[PDB]
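Starting off, we have a lone chain in the form deposited in one PDB entry, written out as structure tokens.
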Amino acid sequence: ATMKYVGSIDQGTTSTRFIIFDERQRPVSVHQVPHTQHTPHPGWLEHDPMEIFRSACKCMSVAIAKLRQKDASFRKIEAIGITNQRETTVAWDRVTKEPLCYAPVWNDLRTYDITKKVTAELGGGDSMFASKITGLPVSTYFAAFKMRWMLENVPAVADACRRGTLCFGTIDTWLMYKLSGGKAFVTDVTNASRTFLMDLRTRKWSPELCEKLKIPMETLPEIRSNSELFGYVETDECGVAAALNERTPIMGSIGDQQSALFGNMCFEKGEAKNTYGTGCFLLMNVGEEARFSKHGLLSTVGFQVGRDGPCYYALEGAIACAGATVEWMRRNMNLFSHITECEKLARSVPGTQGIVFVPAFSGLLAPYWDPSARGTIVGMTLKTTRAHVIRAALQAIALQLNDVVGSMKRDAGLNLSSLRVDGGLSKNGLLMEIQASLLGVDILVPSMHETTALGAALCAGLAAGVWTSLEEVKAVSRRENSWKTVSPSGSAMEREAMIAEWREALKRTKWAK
């Protein structure tokens, strides 16, 4: 009696959404709203920040109204958590309260030249140079390099630089700013770790690097953890604070790939998960010891729950074309019309019958970092149908995530215990079979699959205390949200003929330049 609810804003790359969870851990209201994907010249990608905040508020109030429709006693939400696309960086004015320009997105490639200035000059040829600090190579992806491009290239931004009006944030910062009404100006540690400006081990700003990299430290917010006060919601954008009825607090903020880690319950070391948006991200919890490169791979914050409380670390690898690849074979190549034709065409053959397909359309980017690798297929005979190609594309995804976990077993010094998985592609029986084989671990597939949203809610649910122990959290997720589970069923030298084929094919992929 007296049912409690926490809210979460999943701000993504192509859309925004808000998801109300109960105390039993169920999404009970949801609403989605897209924003525009602006592409000036090839490789660029911008989002309108106002569009994002407007999206977030419409999600909010429409979701809240729907919960009332099905529970008329719902008076308020205890707290709101955030989670978001990371690296995407916003530029804004402190008293204009508003974007000086569109926000360049994580996978934009406008920063190409600025990356080479830095990796040559500041990095003395070594891209890794800053990596026992940031936990990251130098790339076009991370925040600081966007910040530069914006200080260099934008009339308004360079103008505001000097006048002391220039705030910079990741989307988590920018949401939490306008939501509170200009009141809050903070970031959580996981988001912070993406900026190329944080010290991974102290979880504090790196004044050597801000200075070395020519970004005025006063543009940055105060780092906090993922599970504490951040601001309050005081705005009426799309009737947002009126619909909340009480003043509700913001008590979770967390980067998206780490939000999926937390909400899949990967609290203990050697626990990992794999998300499928377009590509992939694989994240393993490594314990409290910050781990570092041997190959490439990323060192990042997993989650620090609470005021200076226990912090947890992780390694991160990407596959760049995963759900994309299945869609490419359909829309571009006409290999099959309907979605479940793919899964049944793959089953209609015993195996690849010789061939390998390396779905490296836009370079190769898990332990092997060849950006000249292109999409290649080798070993085809006249006895090769689309069924073999579809299966080979599936094998390839798992053969990459194999190489990734191998690298994780090295760098982390641990073994991979569990691997929970989630997305468009985790609803595919045959991949979670193959992958479970080639890696040789159980694989868990959650029936409450909204786990990235769940992550943030939990953070705010802990801070406000709808749950208090991670045992409580984990015990509800056992007594409620069903796992399906998938064992391995493939013999050591089936697996070694498949990797030997794989490593032989990888050699033939180098193409561009």
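In this text, residue numbers run from 1 along the sequence as written. Each form is matched to the other, and the largest set of C-alpha atoms that superpose within 1.5 Å is called the rigid core.
Absent from the display: the form deposited with a small molecule bound. The rest refers to it.
Undergrad: Of the listed stretches (274 to 282, 178 to 186, 157 to 165, 211 to 219), which one has a non-hydrogen atom within 4.5 Å of the small molecule in the entry with it bound?
TA: Heavy-atom contact with the partner occurs in 274 to 282.
Undergrad: Please tell me which of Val326, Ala396, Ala103, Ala243 lies within 4.5 Å of the small molecule in the entry with it bound, judged by heavy atoms.
TA: Selected residue: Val326.
Undergrad: Just to confirm, with a 4.5 Å cut-off on non-hydrogen atoms, which of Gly424, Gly231, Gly363, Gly123 contacts the small molecule in the entry with it bound?
TA: Checking each option against the small molecule in the entry with it bound, the one that comes within 4.5 Å is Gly424.
Undergrad: Could you confirm whether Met333 comes within 4.5 Å of the small molecule in the entry with it bound, counting heavy atoms only?
TA: It does not: once the small molecule is placed as it appears in the entry with it bound, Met333 has no heavy atom within 4.5 Å of it.
Undergrad: Please check if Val95 has a heavy atom lying within 4.5 Å of any heavy atom of the small molecule in the entry with it bound.
TA: The answer is no: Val95 has no heavy atom within 4.5 Å of the small molecule.
Undergrad: Heavy atoms within 4.5 Å of the small molecule in the entry with it bound: does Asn428 have any?
TA: Looking in the entry with it bound, residue contacts with the small molecule include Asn428, since a heavy atom lies within 4.5 Å.
Undergrad: I want to make sure I read this right: if the two forms are fitted on their rigid core, which of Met380, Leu229, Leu425, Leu151 has a C-alpha displacement of 2 angstroms or more between this form and the one not shown?
TA: Of all the options, the C-alpha that shifts by at least 2 Å belongs to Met380.
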